[PDB]
Amino acid sequence: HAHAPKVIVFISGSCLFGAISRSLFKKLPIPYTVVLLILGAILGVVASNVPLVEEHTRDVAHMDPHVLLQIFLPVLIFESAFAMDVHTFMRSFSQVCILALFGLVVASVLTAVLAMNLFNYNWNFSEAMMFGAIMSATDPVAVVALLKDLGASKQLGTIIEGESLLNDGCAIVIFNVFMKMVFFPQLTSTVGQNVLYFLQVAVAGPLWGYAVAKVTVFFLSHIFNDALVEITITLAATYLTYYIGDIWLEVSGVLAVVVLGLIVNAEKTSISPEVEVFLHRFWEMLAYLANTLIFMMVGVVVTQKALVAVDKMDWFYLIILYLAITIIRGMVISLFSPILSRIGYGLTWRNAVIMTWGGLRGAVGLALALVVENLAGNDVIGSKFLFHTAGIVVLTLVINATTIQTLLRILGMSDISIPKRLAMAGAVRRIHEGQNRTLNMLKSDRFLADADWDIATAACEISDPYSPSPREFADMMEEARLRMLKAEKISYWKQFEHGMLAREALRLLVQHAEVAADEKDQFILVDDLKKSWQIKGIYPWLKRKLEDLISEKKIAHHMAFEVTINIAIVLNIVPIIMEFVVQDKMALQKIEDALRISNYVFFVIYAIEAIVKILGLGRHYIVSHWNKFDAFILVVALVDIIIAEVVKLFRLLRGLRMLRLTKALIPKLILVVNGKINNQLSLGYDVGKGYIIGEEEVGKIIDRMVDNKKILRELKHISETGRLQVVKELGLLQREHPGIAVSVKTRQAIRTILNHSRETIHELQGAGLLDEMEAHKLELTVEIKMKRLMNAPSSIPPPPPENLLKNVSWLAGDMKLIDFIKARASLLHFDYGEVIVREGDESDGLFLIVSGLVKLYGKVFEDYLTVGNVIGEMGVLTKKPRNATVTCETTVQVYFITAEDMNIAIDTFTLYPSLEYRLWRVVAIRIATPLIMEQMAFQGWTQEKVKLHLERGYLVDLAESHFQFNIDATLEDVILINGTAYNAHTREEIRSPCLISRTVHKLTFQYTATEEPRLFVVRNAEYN
């Protein structure tokens, strides 16, 4: 019918043309957007000649400015903000802002001056500022793509991209200002009104965006299974933010969308991962649609209304303008280089050239030019605006976007480094060898012997896309240092790949490793890592001061009552503001009487609330300042309401009544600051633990990777000192912030448990023991449980000592044994520098640290232990003198269980999982982990895999005739823990801590009482 939505065919045709161009011109250097512009011009001319196509192009070519802005800008800007690596953006925030703001202001002013002086259009300053604003917006998507696929360019890509984002936002703001000044002029404005306008467009906008963003992330974090709801909420949040900000509140909607995108990107963890990976592609697709539509519209309008009124001087002006904007951007960057080189990641001259040349123009400028064109109407200003903007876009896409690839080469930034080339060559070689093995395997299959292997091998190939003397000792030291640092990098990457290390910690550790490698004679120095766990003092100070405000110890009636009164106050807000604004709206007659009953009711509610509090608390009510404030509010209200039955009544009450909600606010602000401190401690612990584990692994690598003993000793000494410093400082962190440390540690514990549960589900599914649908059912519960980690309290009250005893590894779940121990464990307190036990002292008992940090020292081997660790298990089990001296680096508290009590417990709790067995198991796993790690240092296993593997083992009851037979098909590893063992065949003797060789078939043991033999065995999964 005639009323068909003819816009649909235009949108679909634009999509098809975009696909055709983006497919045909994929290999060529010129971007597809120029092809889209050419196609749009062809469509415009043919529609001018053919009226039937005019009906299908009109409804979108002659599109209203406001619909254009409101539909496209919130898409383009939100996509630009949402695609960024916000971490590096914040790490270079100041460097990006200086440029994107001041170099935009000066660039636009200079462009406006050029337009006023050079062009014969006689534009005034406002029109010239519009011109400069739309000429300064940039779209570096084509350049950041190249910078992503290179080396040091990784950290320049985000600088250029963030500069583009902020520049686009501020250019839209300036263009809106001057567009309203030119086409919708007011009569007059004062300095105060101008200041308020600035506050609205430059301060209120970001705050509105921030508020909407925090509300949105709250709700998203509270959505668990409905992915569609998350996607719809993102869409609605973006569009409502822009629309409400621009139309209802008249604040800068574009900046609100920028802030919203940045926040939602930073808070990505609140979105379910599948919805995150969906949303990235979704917004990419929406931005693609917007770009294609804008470019085709520009082509049509240019061919139908711009080029009809272009003179010979206009092309010369366009060329001069291209040169002028290029030079202006270059001069801006050079002028601010003296400042930028001292901030963030300072600009080298080649980076400056890349940034100057890479400033492509794009869709935003074209959209604003179309806005001007439609607003101007018959005036030539619109036609020439569109002409110049399209010309600059075309010139930058043809010249800059094509020559940037060669300029990167000329400046020497295109070269792949030797390490990357070697890694790629090794990857290609291993892939090729695997393919050859697979081919040989397949050629033996009777059902594939007839395949045409010449075609298969050709199709399956993968090509490489990149193609004692002092000097001798110094060279050996350099080689050892570099190999150790490479092993450290490998260890960090391996830790990340298993989820044991966050992305940010991995990036920071690898950055420090590469920085140390670049420097001479430089290792990883913990002083560089300390930047991680060093808390900024503002947060602790604020936490302490806020906790002071709500101490309430002089007084400290269910909490639901306080919740109810708070709800009443936050509801009552509405009548107060309604009265406050009706005071003006009146100059509505019956509203002045309508509000009376509501005010009276709320006063009565407050009166009964205060009376109940007073009676419940007795004389204690008036002792606290908050209660006095509530009483003062009642004192004011009682008098003023009776007087009412005007300005004083409305102005005073509106301020006082809401003020008492700050009491409820402060507890939540405390949670905010706790969240900040938790975000810092989580990175600090991750970095320190990653470094410690990397050192522990690289140590066992170098121990058999360097031949020289002096080199080995030096490297291991450096690593050990670094490890000791890190383990001490991370222990002090816990003492300074107990609850937040417990929060972090429980969070990581649950994360590890759930990750291993997911792996177990996947293993069951792969074996076919569980159906795909049931596996998904379980994995969904695992995923929602993991999402609920993001909402766990930032601070968890540290458990008291009794719970620590309850949670010991060998006491868990044995309620009778727990009761037995808790009645006999004695709690001791020790001060700074005190010595708890010394080397050579008899094993009189065992220590469980309930609070504080202690240092271990003995026979060379330094160490630090902290809350939750237990000292003396080996001593009580073996009854051998203590092997280390314990000194307190902080005020320390320990649960002491006398060795006689442990002996009694051992003799009494003889049930199958006996305390004896549990103690020996806990000791045996720690004895065995180093041995197995040594046995497979060069294999692919890490320490956590070794520990999980050992966890399956059990102590053999060698009382069964005191001889052991090794069925090699069912014993992955057998470890000797205590006592001597004899090879049954060769009668060879084996010392106590040892891993039984695969070459031994049977063992026989002595059974002397002092050194009873204990053996630990790990069976295959195909259990007997």
# chains A, B, ... in the order shown; residues from 1 in each chain; ligands from 1
$ select_by_dssp --residues "range 489-631 of chain A" --states "helix (DSSP H, G or I)" --output "ChimeraX atom specification"
/A:489-497,503-518,526-529,538-549,559-585,591-623,625-631
$ residues_around --residues "range 469-480 of chain A" --least-positions-apart "5" --cutoff "9 Å" --atoms "only C-alpha atoms" --output "mmCIF file with N, CA, C and O atoms, in the first residue's frame"
data_model
loop_
_atom_site.group_PDB
_atom_site.id
_atom_site.type_symbol
_atom_site.label_atom_id
_atom_site.label_comp_id
_atom_site.auth_asym_id
_atom_site.auth_seq_id
_atom_site.Cartn_x
_atom_site.Cartn_y
_atom_site.Cartn_z
ATOM 1 N N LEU A 485 64.297 -14.215 33.315
ATOM 2 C CA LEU A 485 63.178 -13.308 33.075
ATOM 3 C C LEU A 485 62.182 -13.905 32.087
ATOM 4 O O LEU A 485 60.965 -13.743 32.252
ATOM 5 N N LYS A 520 70.057 -2.529 32.204
ATOM 6 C CA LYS A 520 71.302 -3.253 32.410
ATOM 7 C C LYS A 520 71.370 -3.829 33.819
ATOM 8 O O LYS A 520 71.043 -3.154 34.800
ATOM 9 N N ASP A 521 71.793 -5.088 33.914
ATOM 10 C CA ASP A 521 72.044 -5.775 35.178
ATOM 11 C C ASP A 521 70.844 -5.754 36.115
ATOM 12 O O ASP A 521 71.006 -5.963 37.324
ATOM 13 N N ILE A 702 65.991 -22.873 36.891
ATOM 14 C CA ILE A 702 67.395 -22.478 36.795
ATOM 15 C C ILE A 702 68.293 -23.458 37.535
ATOM 16 O O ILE A 702 69.468 -23.619 37.181
ATOM 17 N N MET A 705 69.046 -25.487 34.824
ATOM 18 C CA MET A 705 69.212 -24.835 33.529
ATOM 19 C C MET A 705 70.508 -24.037 33.408
ATOM 20 O O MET A 705 71.006 -23.893 32.288
ATOM 21 N N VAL A 706 71.102 -23.573 34.512
ATOM 22 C CA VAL A 706 72.442 -22.982 34.524
ATOM 23 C C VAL A 706 73.423 -24.018 35.055
ATOM 24 O O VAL A 706 73.129 -24.721 36.031
ATOM 25 N N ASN A 708 76.868 -23.220 35.835
ATOM 26 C CA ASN A 708 77.820 -22.617 36.759
ATOM 27 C C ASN A 708 77.189 -22.461 38.136
ATOM 28 O O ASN A 708 76.050 -22.001 38.260
ATOM 29 N N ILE A 711 76.755 -18.612 39.364
ATOM 30 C CA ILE A 711 75.595 -17.981 38.741
ATOM 31 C C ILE A 711 74.319 -18.461 39.423
ATOM 32 O O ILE A 711 73.425 -17.670 39.757
ATOM 33 N N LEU A 712 74.221 -19.775 39.628
ATOM 34 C CA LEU A 712 73.062 -20.365 40.285
ATOM 35 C C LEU A 712 72.855 -19.774 41.672
ATOM 36 O O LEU A 712 71.742 -19.366 42.031
ATOM 37 N N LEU A 715 71.674 -16.013 41.478
ATOM 38 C CA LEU A 715 70.290 -15.863 41.049
ATOM 39 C C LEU A 715 69.324 -16.326 42.131
ATOM 40 O O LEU A 715 68.328 -15.646 42.419
#
$ closest_residue --among "A:287, A:325, A:424, A:296" --to "residue 108 in chain A" --atoms "only C-alpha atoms"
A:325
$ select_by_dssp --residues "range 666-900 of chain A" --states "strand (DSSP E)" --output "MDAnalysis selection string"
chainID A and resid 826:830 835:837 845:851 854:857 863:865 870:871 885:888 892:898
$ atom_distance --atom1 "CA of residue 216 in chain A" --atom2 "CA of residue 566 in chain A"
23.4 Å
$ atom_distance --atom1 "CA of residue 964 in chain A" --atom2 "CA of residue 1002 in chain A"
5.6 Å
$ residues_around --residues "range 878-894 of chain A" --least-positions-apart "5" --cutoff "10 Å" --atoms "only C-alpha atoms" --output "VMD selection string"
chain A and resid 728 732 735 801 825 to 859 861 to 873 899 920 978 1010 to 1012
$ residues_around --residues "residue 68 in chain A" --least-positions-apart "2" --cutoff "12 Å" --atoms "only C-alpha atoms" --output "VMD selection string"
chain A and resid 60 to 66 70 to 76 290 to 291 293 to 294 297 363 to 364 366 to 372 374
$ decode --residues "range 644-719 of chain A" --atoms "C-alpha atoms" --output "compact mmCIF listing (two decimals), in the first residue's frame"
# COMPACT_ATOMS: atom_id res chain seq x y z
CA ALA A 644 0.71 27.09 60.00
CA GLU A 645 -2.63 25.77 61.25
CA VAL A 646 5.23 30.88 54.85
CA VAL A 647 8.81 31.19 53.58
CA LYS A 648 10.21 30.04 56.93
CA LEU A 649 7.86 27.05 56.95
CA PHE A 650 8.86 25.84 53.48
CA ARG A 651 12.55 26.81 53.38
CA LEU A 652 13.57 25.54 56.82
CA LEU A 653 11.72 22.21 56.81
CA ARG A 654 12.93 21.26 53.33
CA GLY A 655 16.52 21.41 54.55
CA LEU A 656 16.24 19.86 58.00
CA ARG A 657 13.94 16.90 57.40
CA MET A 658 16.10 15.22 54.74
CA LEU A 659 19.32 15.89 56.65
CA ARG A 660 18.69 13.09 59.15
CA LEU A 661 19.13 10.46 56.41
CA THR A 662 22.89 11.10 56.49
CA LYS A 663 22.89 8.69 59.44
CA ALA A 664 21.74 5.95 57.05
CA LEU A 665 24.03 7.25 54.30
CA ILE A 666 27.28 7.00 56.27
CA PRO A 667 27.15 3.18 56.66
CA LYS A 668 26.92 2.87 52.87
CA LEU A 669 29.74 5.36 52.26
CA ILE A 670 31.79 3.14 54.57
CA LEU A 671 31.03 0.25 52.22
CA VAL A 672 32.11 2.38 49.25
CA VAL A 673 35.50 3.14 50.80
CA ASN A 674 35.83 -0.51 51.84
CA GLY A 675 35.22 -1.46 48.22
CA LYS A 676 38.02 0.85 47.13
CA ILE A 677 40.41 -0.65 49.68
CA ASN A 678 39.36 -4.15 48.61
CA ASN A 679 40.00 -3.32 44.96
CA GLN A 680 43.50 -2.24 45.96
CA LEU A 681 44.27 -5.25 48.17
CA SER A 682 43.00 -7.68 45.54
CA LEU A 683 45.56 -6.35 43.07
CA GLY A 684 48.30 -6.24 45.70
CA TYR A 685 47.80 -9.85 46.75
CA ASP A 686 47.53 -10.99 43.14
CA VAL A 687 50.80 -9.29 42.17
CA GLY A 688 52.71 -10.49 45.23
CA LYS A 689 51.45 -14.06 44.99
CA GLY A 690 52.15 -14.18 41.26
CA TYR A 691 55.70 -13.00 41.85
CA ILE A 692 56.22 -15.53 44.65
CA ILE A 693 54.94 -18.46 42.59
CA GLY A 694 56.96 -17.33 39.58
CA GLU A 695 60.09 -17.26 41.72
CA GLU A 696 59.35 -20.71 43.14
CA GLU A 697 58.99 -22.13 39.61
CA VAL A 698 61.88 -20.30 37.94
CA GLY A 699 64.11 -21.38 40.82
CA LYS A 700 63.59 -25.06 40.06
CA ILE A 701 64.06 -24.27 36.36
CA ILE A 702 67.40 -22.48 36.80
CA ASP A 703 68.60 -25.06 39.32
CA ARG A 704 69.08 -27.40 36.34
CA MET A 705 69.21 -24.84 33.53
CA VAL A 706 72.44 -22.98 34.52
CA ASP A 707 75.59 -25.07 34.87
CA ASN A 708 77.82 -22.62 36.76
CA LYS A 709 77.39 -22.81 40.53
CA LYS A 710 78.24 -19.16 41.22
CA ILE A 711 75.59 -17.98 38.74
CA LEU A 712 73.06 -20.37 40.29
CA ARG A 713 73.81 -19.19 43.82
CA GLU A 714 73.59 -15.51 42.90
CA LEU A 715 70.29 -15.86 41.05
CA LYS A 716 68.69 -17.99 43.76
CA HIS A 717 69.85 -15.56 46.46
CA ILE A 718 68.26 -12.64 44.60
CA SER A 719 65.01 -14.58 44.17
